[PDB]
Structure formats: structure tokens, C-alpha cells
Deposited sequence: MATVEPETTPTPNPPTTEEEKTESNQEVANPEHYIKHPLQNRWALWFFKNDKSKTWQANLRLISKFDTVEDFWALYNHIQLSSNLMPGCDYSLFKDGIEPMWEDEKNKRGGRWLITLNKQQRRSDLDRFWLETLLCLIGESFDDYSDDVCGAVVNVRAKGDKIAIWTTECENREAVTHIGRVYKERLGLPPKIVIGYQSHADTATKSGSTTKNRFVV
């Protein structure tokens, strides 16, 4: 305890996306680094750009090692995402805050028994409006998805006025909300 790192329940992989229209969407996805301790998470987070500082068209994705940050993945293709839609004023006040909070929910395993239904999370930096989302494995699991959304919304500290949607990746890859919270 004087010398051992604090282990996480999962190894996590951080990915970076930069739009290059000459490439397949997937080839623009590049692995930054993986980590499986609290200490190693902070070493990585502390040296990388804040989302509010990325060029428009970039993503960060944090996913459980073995799960690619794409809807094609075995663990994603039945799932969906809880989506936070930002306007341009929230990039200033909310984006970086909201995103750190999202990582802490992933790494600290904040959703009880349904944290196992979490695949990862992504932040989209966009000129038109930023987005943050948590991806879950099965859009059918009403209790899992529904529990994650409730706790996520609490964790982001969003008021009863704000309502957020969950969209299945099946619908997206074709968007209606299966659930809102």
C-alpha cells in the first residue's frame, strides 16, 4: 500500500480520431495508450490536450481493452449510447468538466453491476456542437441502460430540464431515442 499502484477493474485504451477524408473512417482511429491503474490514468490524462482544445473533427474514445471504439465491434453492434449534446457555450463551461467526469465513471466503475454493460465513451469535438456519449453493450437491457443513464445524469449534475437520449447503434448506422433520462 506504500508502493503498489491502485488497480482498476479494467484495462482501458484511449484512442484518438482525426478526420482525413482520403482514408476509411476506421484508419483515422489511432490508439494512444492503455492503462490499468489510477496512477497510469492520471499520467496519461495530465499530458494530453483538453477536448476544448482539439481541432474540430477530432474524437477521444476510452474503451475497455479488447473492444474497439467502433459500432462494428462484437460488444458494440447490439448496443447504443447515452448522448450529451453540447452547444457552443458549453464547450467553454461544460465539455472538459463533463468529459473528465465521464472517464471517472468508466474507470471507477460507477454504475454498480451494470458497469459490465459499459463498453466505453467518446467525445466529439465539432464546430457545429460538441458531443459526449457513454456506449453500452446491449440496447435491449432496459434495466442496465436505464440505470446507467440515471447515474450518469446525476454524475454530470444535469438539471431535470435537460433530457438526454439513448440511441441504439443500429438506428444510428442507418435518430430516435429508445430511452430518455
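Enquirer: What are the missing stretches of the deposited sequence, listed from start to end?
Expert: Unobserved in coordinates, per deposited numbering: 1-31, 206-210.
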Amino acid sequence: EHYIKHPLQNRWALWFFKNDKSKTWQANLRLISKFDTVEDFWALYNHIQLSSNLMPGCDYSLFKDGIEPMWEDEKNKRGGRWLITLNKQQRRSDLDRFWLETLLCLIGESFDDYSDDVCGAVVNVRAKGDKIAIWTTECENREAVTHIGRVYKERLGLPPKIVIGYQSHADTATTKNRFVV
From here on, numbers count along this sequence of modelled residues.
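The term rigid core refers to the most C-alpha atoms you can superpose between the two forms while keeping them within 1.5 Å.
Enquirer: Which segment is farther from the shown form on average in 7 other deposited structures of this protein after a rigid core fit, 26-34 or 55-63, going by CA atoms?
Expert: Farther from the shown form on average in 7 other deposited structures of this protein: 26-34.
Enquirer: If the other structures are each fit on the rigid core, which stretch ends up farther away in C-alpha terms in 7 other deposited structures of this protein, 45-53 or 125-133?
Expert: It is 45-53 that deviates more in 7 other deposited structures of this protein.
Enquirer: Is residue 175 one of the residues left unmodelled in a third or more of the other entries compared?
Expert: Per the records, residue 175 goes unmodelled in at least a third of the other entries.
Enquirer: Test of understanding: from the entry's C-alpha B-factors, which stretch has the higher mean, 76-84 or 90-98?
Expert: Going by the record's values, the stretch with the higher mean is 90-98.
Enquirer: Using only C-alpha atoms and the B-factors in the entry, which stretch averages higher, 126-134 or 41-49?
Expert: Mean CA B-factor is higher for 126-134.
Enquirer: In terms of the chain's CA B-factor thirds, is residue 140 lowest, middle or highest?
Expert: As the PDB entry reports it, the C-alpha B-factor of residue 140 lands in the highest third of its chain.
Enquirer: Would you mind ranking residue 29 by its C-alpha B-factor against the rest of the chain and naming the third, lowest, middle or highest?
Expert: Answer is highest: the recorded C-alpha B-factor places it there.
Enquirer: For residue 10, return the chain-relative third of its C-alpha B-factor as stated in the PDB record: lowest, middle or highest.
Expert: Bottom third by C-alpha B-factor.
Enquirer: Name the third of the chain's ranked CA B-factors that contains residue 114, choosing lowest, middle or highest.
Expert: Residue 114: CA B-factor falls in the highest third of its chain.
Enquirer: Taking the chain's C-alpha temperature factors as the reference, tell me which third residue 148 falls into: lowest, middle or highest.
Expert: Its C-alpha B-factor, which the entry lists for residue 148, ranks in the lowest third among residues of this chain.
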